[PDB]
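Only one chain is shown below, in C-alpha cells, and it's the form solved without 8-methylquinolin-4-amine.
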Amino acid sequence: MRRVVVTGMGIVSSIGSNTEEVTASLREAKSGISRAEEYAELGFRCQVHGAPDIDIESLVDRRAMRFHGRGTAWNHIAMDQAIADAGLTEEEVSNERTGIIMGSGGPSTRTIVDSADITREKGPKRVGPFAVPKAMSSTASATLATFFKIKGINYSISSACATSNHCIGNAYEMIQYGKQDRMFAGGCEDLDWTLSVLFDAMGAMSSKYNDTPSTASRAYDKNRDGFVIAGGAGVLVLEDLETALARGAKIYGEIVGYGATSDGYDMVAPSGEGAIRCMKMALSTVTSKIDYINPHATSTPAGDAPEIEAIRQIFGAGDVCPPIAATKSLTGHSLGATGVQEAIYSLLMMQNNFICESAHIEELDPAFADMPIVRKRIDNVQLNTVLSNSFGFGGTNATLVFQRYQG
C-alpha cells in the first residue's frame, strides 16, 4: 500500500471562515454558538446554533452558484481554500488521477421545502429548473466535481455524523491502493430550520442554555443537555507520498489509520463496543503513541459516556490515556461537516503545538473524573499522532489517525 498525506486544507466553520480564524478560536476558546432567533419564532425548545459568518456572494460567482445550496456553497469556498493552500495548478486539479469524495449528512432541505411550498402556491414550473442538484444527496460531490472539472472518482458518502470521516477514509483507500493519486475529501452541511427542527422534535438539542448561548455546548459537563447544531464545510487535499514530495507539497500530516464499523444495535444511541472495534481498527496500523484524542462527544447525556468507556478500554485512564478535548463545545455539531472539520482542527493543533481547552466545563461529570479531559489549554506540546472519532445515527462509526511526517 502507498502512503497518503494531507497537502492542503480549507474550512468554513462557526469558529472561523479560514484556517487562521479557526486557529485563533481554538487557542482562545472562543465559542461559535449564538442565539437562533428564528428557532424561537418557530416554537423550538432549542434556540441556539453555530452559524458561519461568511459572505458567499463575495467568494462564489453567480453562475458558479446556479446549482449550490448554502451548504455546498460553503463547501465550494473550502475547496477553493484547499486548492490555494496546496498550491495546485489547474492541471493538478483536473486530471484522470484526481478525484473527489465529498458528502453531506443531508442535501439542501431548504431547497426541498421551498420547492414543495412553491409548487402548491404558484405551480410546479415555479420550482425552477435548477433544484435537483441542490436537493440530491450527492450535491456536494456533483457540484464541485462539475465546477472544478474533476475527471477521476466522483461520489458522496453519507453516514450521518460520521459522513466526512468516511469520505476521507475512502479517499485514503483509493490512494493507498493506487486507483487515484490525489483526492479532494470532506463534506458540508447547510444550517436551516427545516433540518434543525427534526432534531429539536427528537429532544436532541440543548435547550437549558438559551439565555447564555455561547456556553450551551459543553461536552463532559455534568449539566450538558444535548448538542448544538451548526453548519459549514471542510476539504482536505490528499496525495500519495511520492506525488506530494515530488511537487514540493506542504505536508500537514500523514493518514496512518482508518477504522469503520457498525454497532448493529440502536438507531440513536451508541453501543460502545462498535466504537472500541472502530478505534482498534484505526490503531492497528499505527506504531506511535496517540498524543491527542478529538472525540465524537457532542454534549449529550447518552453519547458522551459510552465513547469515554471505549477510550478507557483501549487507552486506560488518567495520565497514561491521551489528552481528550471536545472541540464541539466551541463549534457545535456540523453534522456532515464535522469529521473533516475535526481533522482540520487536529492538524492545526499539531501544526501550532497546543491542545485546546475542552470548553464550557463548569462542573465535570463525576463519571469522567478519572480521564485526562483538558481543562485549560496545553501549550508547548509537540503532537506527533492524533486520533479523531465521529459516530453517527444508525450505529455507524469512523475513526481517523493522522501523524506528523518525519520520513
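Heads up: residue numbers just count along the shown sequence, starting at 1.
Keep in mind that the form deposited with 8-methylquinolin-4-amine bound is missing from the display, and what follows is about it.
- Contact annotation: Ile290 falls within 4.5 Å of 8-methylquinolin-4-amine in the deposited bound form, judged by heavy atom distances.
- Interface membership of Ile251, defined by any non-hydrogen atom within 4.5 Å of 8-methylquinolin-4-amine in the deposited bound form, is ruled out.
- Interface residue remark: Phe315 is counted as part of the site for 8-methylquinolin-4-amine in the deposited bound form, having a heavy atom within 4.5 Å.
- Contact between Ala84 and 8-methylquinolin-4-amine in the deposited bound form is not found at the 4.5 Å heavy atom cutoff.
- Stretch-level contact check against 8-methylquinolin-4-amine in the deposited bound form with heavy atoms at 4.5 Å: of 68-76, 278-286, 147-155, 206-214, the positive one is 278-286.
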